[PDB]
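> Quick one: structure below, then a few questions.
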Amino acid sequence: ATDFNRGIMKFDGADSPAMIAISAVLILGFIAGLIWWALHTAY
Amino acid sequence: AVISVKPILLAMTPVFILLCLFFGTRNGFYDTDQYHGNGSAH
Amino acid sequence: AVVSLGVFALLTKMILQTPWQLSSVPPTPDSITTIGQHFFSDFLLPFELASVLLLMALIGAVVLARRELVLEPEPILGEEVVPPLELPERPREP
Amino acid sequence: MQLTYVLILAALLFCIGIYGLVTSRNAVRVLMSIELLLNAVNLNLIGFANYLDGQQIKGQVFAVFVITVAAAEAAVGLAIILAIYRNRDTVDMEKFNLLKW
Amino acid sequence: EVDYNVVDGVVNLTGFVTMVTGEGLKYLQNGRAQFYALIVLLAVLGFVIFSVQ
Amino acid sequence: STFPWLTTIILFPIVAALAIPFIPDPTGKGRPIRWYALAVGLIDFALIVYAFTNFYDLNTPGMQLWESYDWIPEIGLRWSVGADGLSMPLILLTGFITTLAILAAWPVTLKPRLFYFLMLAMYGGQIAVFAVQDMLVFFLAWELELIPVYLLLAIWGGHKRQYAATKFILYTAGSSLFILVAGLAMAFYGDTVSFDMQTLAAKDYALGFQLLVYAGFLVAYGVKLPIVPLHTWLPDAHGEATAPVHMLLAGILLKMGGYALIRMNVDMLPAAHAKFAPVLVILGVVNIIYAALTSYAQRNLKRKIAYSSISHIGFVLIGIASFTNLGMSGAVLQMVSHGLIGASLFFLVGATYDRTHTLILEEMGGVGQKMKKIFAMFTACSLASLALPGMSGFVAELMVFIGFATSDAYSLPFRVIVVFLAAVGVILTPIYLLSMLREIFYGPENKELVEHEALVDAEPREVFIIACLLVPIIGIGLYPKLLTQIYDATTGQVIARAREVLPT
Amino acid sequence: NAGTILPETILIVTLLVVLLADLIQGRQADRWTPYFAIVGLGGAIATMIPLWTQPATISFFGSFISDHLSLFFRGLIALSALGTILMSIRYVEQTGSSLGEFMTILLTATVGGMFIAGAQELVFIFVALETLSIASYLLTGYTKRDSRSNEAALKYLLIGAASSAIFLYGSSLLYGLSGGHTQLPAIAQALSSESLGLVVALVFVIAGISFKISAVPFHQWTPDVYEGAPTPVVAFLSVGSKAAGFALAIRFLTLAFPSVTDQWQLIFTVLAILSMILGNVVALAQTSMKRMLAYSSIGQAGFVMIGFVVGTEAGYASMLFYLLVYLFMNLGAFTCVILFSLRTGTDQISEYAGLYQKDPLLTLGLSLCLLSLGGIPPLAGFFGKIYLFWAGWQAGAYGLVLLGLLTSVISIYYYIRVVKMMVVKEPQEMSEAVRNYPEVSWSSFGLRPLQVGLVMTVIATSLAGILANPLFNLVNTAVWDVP
């Protein structure tokens, strides 16, 4: 994440590996939560 | 009344071909400064 | 010692339980002529290939065991340096 | 003496040469154990020819050709032993492991 | 960062557990041709129990 | 009509690239090899127009260049080609972009005998994907652009070429095998062992069998068309590439995974499509929201629009999985629009990198003061990817929104949430495209200008490639029936073959 | 009835003329004795075409068959020695060893291999397997002073003479399980009960049958021999002594055991799923060029066994077409291994780097033969793998073709690693031949046979998939005479 943190508007401060896993379970859970929504709410 | 694609594609094709052969001859910056050199994105 | 006693325990199970169809005919009617009649009727093509096998075994085992006294320091040619009587892929560490 | 006692003798001679193939450390004792294997398949074969189909002995012809190949497998084989010994001055099967991986 | 590390970590793990697999079976051969004769004779004992039932 | 047309168009750049090692006069770099590849790329595109304006015979469902030659009767594979409405725009698009991709490959002097060989091998090998009506020749043509696009990245690329080239060749050859797995599963179903795409579409398969074939094809086609779980191969190989290699990558090769979704997952597999269409529009929206944020979170210039190519792909999945004659018309339109928009954008990234040599976008700023025609074309090309009306990037996305929430397939609580979530990309695409324009060209704060970026210019040939790419961008944006009339009758048979399946 | 062994007895005669010329002329015969063996191999190839029209007689008192399957494999082994002699005309002539003495042992392995393909007696199978095996131990240690070829001639001896004794104990049991009956058609008429004695006789013979084709529990000799042996011998045992083990396995496991058939089709799947995995994942961790092609031949063997375990008319046609195009992939790759080992020493990977500007005919030959070995279109090994998975999907076997495809992508990564260090490395990244390449001539001794064995092989590698339809009909006629 050293090259991702260039001297522009990035580097918010939450690039820790404790934040990587807790951002994964929300992002990948929203896709899977919409997929399981999709097979029941559509028809 | 529909504008069909075939008469305007057949009319723009020889305009497209003879301009690619012309615009290749007229070019700059890839022959004089050319600090990219051989490796086109290195 | 495990596998050697294991193959023997395999085969003694195999030899004993197999019904062998042994024939009750009189054997060996002068069994030097029935083995020479077999070298030229049934086993004829194995018999001629045994000569080419023996000739090859005399070619190869001589050239693998003879003394290199003809020309031992013999650098015949070179594109890069290759030792005599050795494969050109030279050993190296990566 | 039945057929069964010959094949057990040939099977026991097979596993003695099998044990000599894996446990021997001199490279010549490995070749001597190969001759134990090629005589196990000959003792199995003449017993198969004496008791089964002994009128036209096809096993004793086949037992001849195993003796001829093992004569040529040992002559070729001992020229390989003499080829290593000229370069690697021992005959030790725990010392030829340079083409390992 | 969930792209570069999580779903890119699975792709760089398929290529990692295959490189360290070939570097584990590389040690299956170690010279000592008695050991090569052992695996030949063990697999003979394997296939005669595996195929009789 | 008796002459082999599509067989020639496929096999002409392949047989003519063999004359590239025999081209004389190697006076320095390869100048006659460079002119030879443009000479064959132009006259092969003219064969596509000659086969179109004389022998395509539009508003006719079915292939009209159908030439089924026998190749191997023992396996059952035939050299069967043909251009229907799902193929002929992308065949015309492939002949148009790759002709400019040779013209974009003018500053390459590294290995010019090797460059124009592989780019012409991709020119014969990309038309061969949309044209063949077979399976074992389709899997041939799908993996025909496997080696020449590997070497186009591994030799003429940025830094971390070898990571980008070997990750790509392992990700697509490791996913093209499912075209062989599912293509052989369909051909051995039943009793007829035919491999052509016509008989394999008309064959009736079980519903449990089709769900395995649909899952096999979605792994195979979710890689090339970047569906967002299987998309990590893209921004490395799209981030480390030259401008002419990238116009074949994002312009054409991404559309082969979208061509085959309409061809091999809707035509041949209609009952598995209906059971797993709502997962595609979920994956199609989250193709847009993931990639447009990741475009905003990235500061590498070549990697920013590389992720933007994934976001414009996300409107195709909503167009395919909507069962609408206007929704599917917006899916094929999005493949042609983004192919022209991306190849115009990615040509200018290699033009901007040729003057500044950074791509980091922090040391840039005030580039538009030095060069003016590049910034004038970088703005108008990025404006087309804003879904701006008057350009084809808008009407490709307009038909998807209208085509989704008028369909009598999904329920009303599902259709509002998808249209509301897919319209977040309407907000999200001006976030990063305009921030890329601002932090490169707008501003007084220039670079060091003594060590890096000592030169600045704008070649008149680079103006022509952009200006001739904006004619089908704007010209479809002012009349979208110019391209819809190529596939108005074929999409009407693709959707109506799935209209018979939807009560399920 | 000795008109059916004419392709083998022409090779018997020219085996003796190149032997006596070494004795008569004494190393002045090495200028012509390779080219006499080429037309001796070519005259033995050209007499198989009048034998193709014959209606498959069984000559020599029922101990030799002259079918189309026996003639197809006879041409594959004769082409294997034809490609080897075009390689070793300079290779062993540069080590200082005798050239006529090499090609005598090379032709005894050829006629020993060619007699395996048509043998039907238990003794003629073993005799011809012996003179193929005995001749090949002399060829892997022919240089005789390396401590690598001498170490490879030893490991191949103490496994080769061992596995031919496991093969004999299963062959002697087949003489005893029947009432005599050394012939394989007479074996099947006597034994059909599928007893435990037939099982041990089946396992014992595929410890030597699957030793020539190098399946993983019997493959251990292959990566150690193939880096110690002379590279033309490495080129010979991968298509000549490997197809001869495949010529045996069709003639043996279908004629001697047509009753017991679901057992050796269960063992050879284990031999396939192990050699496709361990052939292709261990070739990733290889640095030597001859060692990468060593695990390749173990890995490409598992692709041939895909068509062998399905047991269909297209399955046996899939393994014969793949073995035919396999000769055009190994002998074109091994030609470039030799042609790189003759210009510079130390033929290994990360020493080919910086090429394609100094030896462009070597890199065009080595890439197009290694890319085809990975099975990429439109080369010959792509179509060869396509027909293996088409015949694999035809009758069950859905996990073999999935493992055949997943290990084909692992196959791609180490083949493209060599194409990486030939054409994509910059000219500031070459270790050997850094202005050290000898500026190729094609005018020295034996380089012009080395070049024509490269040009006519890559042409047979690039065009054998597009023009596969004559080869698909030549192969499918060799399957109707297989039970």
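Since chain F takes its numbers from Swiss-Prot, the residues it shows come out as 2-505.
Even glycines carry a Cβ here, placed using N, Cα and C.
According to Swiss-Prot, the protein carries these features:
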type	residues	note
TRANSMEM	F:4-24	transmembrane segment
TRANSMEM	F:36-56	transmembrane segment
TRANSMEM	F:91-111	transmembrane segment
TRANSMEM	F:115-135	transmembrane segment
TRANSMEM	F:169-189	transmembrane segment
TRANSMEM	F:209-229	transmembrane segment
TRANSMEM	F:243-263	transmembrane segment
TRANSMEM	F:277-297	transmembrane segment
TRANSMEM	F:314-334	transmembrane segment
TRANSMEM	F:335-355	transmembrane segment
TRANSMEM	F:387-407	transmembrane segment
TRANSMEM	F:417-437	transmembrane segment
> Same-chain Cβ contacts of the transmembrane segment (F:169-189) under 8 Å, 6 or more residues past its ends?
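Tertiary neighbours of the transmembrane segment (F:169-189) are 77, 136-137, 139-140, 143-144, 147-148, 150-151, 154, 195-196, 201, 204, 206, 210, 213-214, 217-218, 220-221, 224-225, 231, 233-234, 237-238, 269.
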> Between the transmembrane segment (F:335-355) and the transmembrane segment (F:91-111), are there three or more CB pairs that fall under 8 A, provided the residues in each pair are separated by 6 or more in sequence?
yes
> Give the one range among F:4-24, F:209-229, F:335-355, F:387-407, F:417-437 whose Cβ atoms make the most pairs under 8 Å with those of the transmembrane segment (F:277-297).
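That would be F:417-437.
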> Under 8 Å between C-beta atoms and at least six residues away from its ends: which parts of the chain pack against the transmembrane segment (F:417-437)?
282-283, 285-286, 289-290, 293-294, 296-297, 302, 305-306, 309, 312, 315-316, 319, 362, 383, 386-388, 398, 401-402, 405-406, 411
> Count the Cβ pairs between the transmembrane segment (F:115-135) and the transmembrane segment (F:243-263) that lie under 8 angstroms and are 6 or more residues apart in sequence, then report whether there are at least 3.
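Touching, yes - the transmembrane segment (F:115-135) and the transmembrane segment (F:243-263) meet the threshold of 3 or more Cβ pairs under 8 Å.
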> Could you give the residue numbers and ranges of same-chain residues that sit at least 6 residues beyond the transmembrane segment (F:243-263) on either side and whose C-beta is under 8 angstroms from one of its C-beta atoms?
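Result: 87-88, 91, 94-95, 98-99, 101-103, 105-106, 109, 120, 123, 127, 130-131, 139, 143, 146, 150, 153-154, 157-158, 218, 221-227, 303, 307, 310, 314, 317-318, 321, 329, 332-333, 336-337, 339-341, 343-344, 347-352, 354, 495.
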> At a C-beta cut-off of under 8 Å, are there same-chain residues at least 6 beyond the transmembrane segment (F:4-24) that contact it? List them, or none.
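For the transmembrane segment (F:4-24), the nonlocal Cβ contacts are 31, 33-34, 37-38, 41-42, 45, 48-49, 51-52, 56, 66, 68, 70, 80, 82-84, 92, 96, 114, 117-118, 121-122, 124-126, 128-129, 132-133.
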